[PDB]
């Protein structure tokens, strides 16, 4: 049998053209080969797999016939609530809208607690021997992805509470013996297909909302209302309200590492304001704000695309793939000199003549949330280093003290940061590897964590985040690991040995799940899955990225139809075109620590990396 038995049914229903693409990708997959071939073939594989996913793995949630009529030329800026982007759909990507799906839901209402979330958290997730990424990915990279993810997606909660209790078998090992939390809000779609959906309370667009705000009350209170600028402290750190909450884009459940990135991008936005005002002296505060928001949001997307993701997926094929999405396969030189040439492959997703949503209204999806659950990236302790110290024996800035990262989280974390300062915090994060996405690497401070309200204030009910994450994936009807793979046209595991070569992992998984591979939780599978050389993430998670990372550029009017000098200003567009990574942004505002200590090409590498 040519095709895997579990994929024969879908194969039989494919069009001739899809059959060809599927057989091509499946030929590599059966032999685990896509990542083991030269770049050009790897890219052909990825584009072919992407096309298939775009056809089979974009599902609308809620009615797609959103009528609300408007002229795109009336909205040549990124709106505060994310409305008025898609010319055919005023609601697409705005706050308080349904998460879409990449796969048909799997009802787990009778198995929400099977196996027990505390057991999973305690036996499979809880950090044992600490594992890091070596030189590949530092703590700035861990902060970056939260700065992205806690901004991109936040599920609307039910006002009521439920609680779960640690079972006898693991209670003595649980930092919390029970905890309360709010269920995810279920809302009827009133539609033909999927009946129930959940709401994203953030915008789905690349719009820098981590810095610009979610809401009409801080979105305003973040602005100086002079020269388009945003509010920042004299130490280069965020200002704070009397209740201790940071004055930035309403990122709840944050830590000091995210706060310094918000602060850095506030300065970036303000510097963009200065540059545009110099070119166009007569612009109002509102005009400058709008242009600078366009510029800064694009800088953030660009840094994520061709710097962050490139270090996350540290292979030649992936450097080429991500750069192709942004610049096109014809490359930066041609793109910058002549503009977008050809279609999405040759010229890239950025600069396409028109946005393309592939027939399905733009949204972030339930599965995009699940594959971005990367809490194990946070190390247990931070080595604080001296920005003007004598180089140590390793030629690093010398260590001053170890700090428990638990002390750097949330409101108390904002306090500690105000005593540390930007340079020390940033340098220290730059010189330390982040945690690896593997089993037994989930920080203890997450297992008795104070969660926050929407307004950023502390809730009185601590949570075991690891237990809750496992619960959330089930609660939200996201398929479990093996079915999740099948739905992405990936070969399922037959036994635990297919998942990982770690004997201890196998034995521990067997003790909890038995030999039922269909029971394995998604999060557990994503962490345990044997990794591609250079990949910080599982191949399973990567498959959602293939689809969704492309989509977030291609579906956006401001990265396509309106990615031009007229919309951004000439100086604004040049600012985007000449910024290649986080290094460039840090260098703009902190050239001193950059010159002295940032030796690696990417600011996301541990800063003494030899490349």
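Positions refer to the first chain, counted from 1.
Determine, for stretches 66-74 and 27-35, which one has the higher mean CA B-factor as deposited.
-> Stretch with the greater average CA B-factor: 66-74.
### Task
Averaging only over Cα atoms, indicate whether 81-89 or 347-355 has the higher B-factor in the PDB entry.
It is 81-89 that shows the higher mean C-alpha B-factor.
Most elevated Cα B-factor in the entry, residues 107, 423, 268, 307:
Most elevated C-alpha B-factor of the set, per the entry: 107.
Notebook entry, point to check: Out of 337, 428, 365, 262, which residue has the highest Cα temperature factor in the PDB record?
Noted result: Top of the list by C-alpha B-factor: 337.
Pull the Cα B-factor of residue 435 out of the PDB entry and bin it into the chain's lowest, middle or highest third. CA B-factor rank for residue 435: lowest third.
Practice prompt. Compare the C-alpha B factor of residue 573 with those of the other modelled residues in its chain, then answer lowest, middle or highest third.
Written response: Middle third by C-alpha B-factor.
Can you tell me which third, lowest, middle or highest, the CA B-factor of residue 451 falls into for its chain?
Middle third of the chain for residue 451's C-alpha B-factor.
Sorting by Cα B-factor within the chain, modelled residues only, which third would residue 243 end up in: lowest, middle or highest?
Answer is highest: the recorded C-alpha B-factor places it there.
Inset, instruction - Would you mind checking where the Cα B-factor of residue 504 ranks among the modelled residues of its chain, as the lowest, middle or highest third? - result: Within its chain, residue 504 is a highest-third residue by C-alpha B-factor, going by the deposited values.
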